[PDB]
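> pasting the first bit of my complex, frame unchanged:
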Amino acid sequence: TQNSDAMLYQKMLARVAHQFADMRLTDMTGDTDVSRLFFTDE
């Protein structure tokens, strides 16, 4: 029934996580061939 410094930051995230999607490896590095080098996950 309380909200101080913990639910504040959570309610920051659950509104902003609506907009932007994840950022993979391929939308990094501009356009270049990265699949020949790094098979990154996570």
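Received it, and whenever you're ready, just let me know what you need. Numbering: from 1, shown residues only, chains lettered A, B, ... in the order given.
> Name all residues that make contact with residue A:40.
Neighbour list for residue A:40: residue A:25 [criterion: CB atoms under 8 Å, 6 or more residues apart in numbering]. The way it works is simple: take the backbone N, C-alpha and C, and place the C-beta from them, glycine included.
> Got the phi and psi for it?
Per-residue torsions, residue A:40: phi -60, psi 140 (degrees, to the nearest 10).
> swap in residue A:15?
According to degrees, to the nearest 10, residue A:15 has phi -100, psi -40.
> so how many other residues sit close to it?
Other residues within reach of residue A:15 by the criterion other CB atoms under 10 Å amount to 9.
> how near is it to residue A:31?
According to CB to CB, to the nearest Å, residue A:15 stands 32 Å off from residue A:31.
> and then chain B:
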Amino acid sequence: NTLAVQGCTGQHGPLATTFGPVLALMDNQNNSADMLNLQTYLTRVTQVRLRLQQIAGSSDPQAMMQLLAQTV
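Placing chain B onto the earlier chains gives this:
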């Protein structure tokens, strides 16, 4: 290039299975396909050109032609 843009008519598309493997080359979004693509192949053929330039260089006694062929 001419074959590249025609594999996206419509909207990945409705012509998928007819232009499947040929547009599987140039994409660089084939992130697990053993990478089997066009771009390495043209550098894989430019060095067979390049070691044949040295035979097109001197080749003075008609040897050093087969010296690259002695490796074969």
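> mind redoing the contacts of residue A:40 now chain B's in there?
If you count contacts by CB atoms under 8 Å, 6 or more residues apart in numbering or on different chains, residue A:40 has them with residue A:25.
> and what of residue A:25?
With contact taken as CB under 8 Å, 6+ apart, residue A:25 is in contact with A:34, A:38, A:40.
> Specify which member of those residues is nearest to chain B.
Checking those against chain B by CB to the nearest CB gives residue A:34 as the nearest, at 8.1 Å.
> Looks like that closest one contacts residue A:24 (just checking).
No. Using CB atoms under 8 Å, residue A:34 is not in contact with residue A:24, being 9.7 Å away.
> on that earlier part again, out of the contacts of residue A:25, which is nearest to residue A:10?
Each of the contacts of residue A:25 was scored against residue A:10 by CB to CB, and residue A:40 proved nearest at 28.4 Å.
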